[PDB]
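Novice: no FASTA, just this:
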């Protein structure tokens, strides 16, 4: 079980590091397993959204996804 | 869906009983606050004219 968990975490970290290398998601200092995506909620607002990786099946998910956000998360999956 | 919040706003200006000035839906509280501020500003302008 520990070996499987280590492999899971390593694969997730490798994918996250590739995404950071592509410089699409900024780095989250508070959480090493949370990716920050910059999106403007309004004309002047420019806010980050937290995307997380499922440790079991590995599909990206949002913290409080809107219907469009959920649809595009499914598209990402 | 027992978890998401949907806010339906119906603002009827003082013109007719059935002439609904605006009828919108919102899923983001930030947009709710923005539209509330806009409605308050519009009402203030109407009171100023």
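Specialist: That came through, no problem. Numbering: from 1, shown residues only, chains lettered A, B, ... in the order given.
Novice: Strands of the chain, residue ranges please.
Specialist: Unless you meant another one, I'm taking chain A. A:26-27, A:34-39, A:47-53, A:60-62 (DSSP state E).
Novice: meant chain B, my bad for not saying
Specialist: Using DSSP E, strands in chain B cover B:7-11, B:22-26.
Novice: So the last one, near chain A or not?
Specialist: No: with C-beta under 8 Å from any C-beta of the partner chain as the criterion, chain A is not reached by strand B:22-26; the gap is at least 10.6 Å. Any C-beta I mention is one placed from the backbone N, CA and C, and that applies to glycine too.
Novice: Could you give me the buried positions within that strand?
Specialist: Neighbour counts over strand B:22-26 (16 or more other C-beta atoms under 10 Å in any protein chain shown) mark residue B:26 as buried.
Novice: ok, back up a step: which of the strands of chain A sits closest to chain B?
Specialist: strand A:47-53 (8.8 Å; C-beta to the nearest C-beta).
Novice: How far off centre is that closest one?
Specialist: 6 Å (C-alpha atoms, centre = their mean, to the nearest Å).
Novice: cool, and stretch A:62-70?
Specialist: 12 Å.
Novice: List the neighbours of that stretch that are in contact with it.
Specialist: For stretch A:62-70, the surrounding residues in contact (C-beta atoms under 8 Å, 6 or more residues apart in numbering or on different chains) are A:49, A:50, A:51, A:52, A:73, B:27, B:28.
Novice: Compute the first-to-last residue distance for it.
Specialist: One end of stretch A:62-70 to the other measures 8 Å (C-alpha to C-alpha, to the nearest Å).
Novice: Stretch A:53-63 now?
Specialist: Span of stretch A:53-63 from end to end, C-alpha to C-alpha: 11 Å.
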